[PDB]
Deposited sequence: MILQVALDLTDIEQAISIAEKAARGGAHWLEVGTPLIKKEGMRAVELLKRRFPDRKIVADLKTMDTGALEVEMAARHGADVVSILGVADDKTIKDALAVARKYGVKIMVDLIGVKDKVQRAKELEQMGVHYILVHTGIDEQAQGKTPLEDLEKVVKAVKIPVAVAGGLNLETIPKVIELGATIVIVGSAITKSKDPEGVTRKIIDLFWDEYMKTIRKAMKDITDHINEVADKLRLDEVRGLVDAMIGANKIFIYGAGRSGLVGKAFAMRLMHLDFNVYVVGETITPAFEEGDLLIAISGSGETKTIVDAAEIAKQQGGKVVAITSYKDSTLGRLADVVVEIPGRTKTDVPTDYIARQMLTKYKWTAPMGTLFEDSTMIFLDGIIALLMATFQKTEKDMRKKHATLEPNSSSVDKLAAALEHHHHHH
């Protein structure tokens, strides 16, 4: 999550004083508001940037005089993010988008005066808008529901956000939380900032726990759906083999090595393809080929050589009808679908092969 501190004050010294305490509290972004860009020049964003190079500075240009030139004036003064309005012409948005690409600067677009905010949000994602800014309305939070469920890019929210209302906007999927007077008008703006970051870590702990249990739920399904042909086909091939070669691609290769390390303890004549001591593949040897897609070129080339040498091939893959699957004598189908398809495949194979070891040890 990202905490953006809106410095809506007209006092330049009061604004920098607040940002310094908020920065110690853990705030990520600092917004130079429109009341600060009219009195002070564009150097207002440069004063904040040269003082806080570790933070991203957001230039609030949510006024109608803003064109592609004012957006470039922000980037040259050190603005990392520039905010504009959605009611502006599409021509000015793409012109601001091209200027942003020349400087590596993000673009935020507000929907404060948009009739159909939902429809407008989708086309903004098409041109390359980085963030969408919506307001809470403190039917409050109704807008945050639909715009978030409509687009994939991060959505920023603002409007009466305090330690009381911030947990709500997080539950609805807001990425950027813009808070103003709740920090700027407090006795300890740094202390209030830490409580907001503590709320962020309440969500982070839920994310990691949910990520862990989402993987373990998938692995329980793999275990419940294992077939006798697959398990026995692998075990009988391992026992009847002269040498055992294991070959996996990328992270699958680390899983293969972790399995080989255990097989060595059971006095199997096992080797890892690609390491120093790997001997020549001969007749009667077994190749355990691990590839989630079943199309990895190096894994397929190794399986083809093993068949030509008069050996057996066991393919661990998610696609039994893949090129690797059609070569194998035994196909162990591990499904791959929080976590990507590859991560589920690698971790499921990891614990499946540990189940294989437990079986051999009994």
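Against the full deposited sequence, the model leaves out several stretches, namely 139-145, 345-364, 390-426.
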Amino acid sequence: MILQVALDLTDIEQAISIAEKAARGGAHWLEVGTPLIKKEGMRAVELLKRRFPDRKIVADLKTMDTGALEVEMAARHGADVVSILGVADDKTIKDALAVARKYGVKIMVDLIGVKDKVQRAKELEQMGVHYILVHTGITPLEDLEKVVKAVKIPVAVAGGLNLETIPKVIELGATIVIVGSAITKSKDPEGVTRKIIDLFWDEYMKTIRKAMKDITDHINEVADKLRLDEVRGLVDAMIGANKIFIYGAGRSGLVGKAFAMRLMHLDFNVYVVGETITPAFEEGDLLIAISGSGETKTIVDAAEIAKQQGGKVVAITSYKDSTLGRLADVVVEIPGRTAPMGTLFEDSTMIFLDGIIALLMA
From here on, numbers count along this sequence of modelled residues.
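Taking the PDB entry as given, 14-22 carries the higher mean Cα B factor of the two stretches 14-22 and 345-353. When the two stretches 187-195 and 112-120 are set side by side, the higher mean Cα temperature factor goes to 112-120. Remark: of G41, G325, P335, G310, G41 shows the highest value [criterion: C-alpha B-factor in the PDB entry]. Taking the PDB entry at face value, the top CA B factor among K152, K257, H265, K243 belongs to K152.
The PDB entry assigns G160 a C-alpha temperature factor belonging to the highest third of its chain's modelled residues.
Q126 sits in the highest third of its chain by CA B factor, as recorded in the PDB entry. When the CA B factors of the chain's modelled residues are split into thirds, the value for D143 lands in the highest one.
Per the deposited record, the Cα B-factor of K106 falls in the middle third when ranked against the other modelled residues of its chain. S291: CA B factor lies in the lowest third for its chain, per the PDB record.
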